[PDB]
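# Coordinate analysis (summary)
Next come the chains, spelled out residue by residue.
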Amino acid sequence: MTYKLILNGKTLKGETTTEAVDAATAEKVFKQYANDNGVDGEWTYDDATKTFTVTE
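Here is what the cut-offs are and how they apply
Residues numbered from 1 in each chain as written, not as in the entry; some residues may be left out. Heavy atoms only, no water. Helix = DSSP H or I, 4+ residues; strand = E, 2+ residues; numbered from the N terminus. Buried < 20%, exposed > 50% of the residue type's maximum accessible area, 1.4 Å probe, protein only. Contact = heavy atoms within 4.5 Å. Areas by Shrake-Rupley, 256 points an atom, 1.4 Å probe, with all protein chains shown as cover. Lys, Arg positive; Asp, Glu negative; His and termini not counted. Charge placed at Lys NZ, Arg CZ, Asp CG, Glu CD. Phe/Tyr/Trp six-rings, centres within 6.5 Å; stacked < 30°, edge-to-face > 60°. Core = buried A, V, L, I, M, F, W, Y, C linked by side-chain atoms within 4.5 Å.

Its PDB header names solution NMR as the technique used to obtain the model.

And the structure:
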């Protein structure tokens with residue numbers, strides 16, 4: 001499946017979808033992306049609508 005990430009960076013806000021087989025790999029896949037922008041802090045998961053979300 002594919003979940004949608006929601007970047008709530010204080011210096012940058014965005015959102016992108018990544019293809020993952022499970023949530024564990026999804027946490028790292030997206031985390032690897034947010035790093036390419038400088039967004040590291042708390043991470044959330046919306047298994048209610050397949051939407052990832054992170055907030056620096």
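Turning our eyes to something else, we now look at the overall build of the protein. Counting its secondary structure elements, the protein contains 1 helix and 6 strands. Element order for the protein, N to C, with α for helix and β for strand: β-β-β-β-α-β-β. Overall, the C-alpha framework of the protein stretches about 30 × 20 × 15 Å when taken along its three principal axes. Counting only residues that meet the buried cut, the protein has 25% of its 56 residues in that class. Taking as baseline every contact in the protein between residues at least 6 positions apart, the subset at least 24 positions apart corresponds to 38%. Within the structure as shown, the protein displays about 3800 Å² of accessible surface, and the carbon and sulfur contribution to it stands at 48%. Of the side chains in the protein, 6 bear a positive and 10 a negative charge, and the two mean positions are spaced by 4 Å.

A full pass over the atoms with the stated rule returns 4 aromatic pairs. The interplanar angle of 85 degrees and the centroid separation of 6.2 Å between the aromatic rings of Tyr 3 and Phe 52 together place this pair among those described as edge-to-face. Note that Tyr 3 is positioned in strand β1 (residues 2–4) and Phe 52 in strand β6 (residues 51–55), a separation of 49 residues in sequence. The class of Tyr 3 is buried, set by a relative accessible area of 7%.

In terms of nonpolar packing, the biggest core is built from 10 residues, these being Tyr 3, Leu 5, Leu 7, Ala 20, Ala 26, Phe 30, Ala 34, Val 39, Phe 52 and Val 54. Counting only elements with at least two residues in this core, the list comes to α1 (23–35) and β6. No other element matches the 3 residues that α1 contributes to this core. Discounting chain neighbours no more than four positions away, the residues touching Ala 34 are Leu 7, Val 39 and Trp 43.

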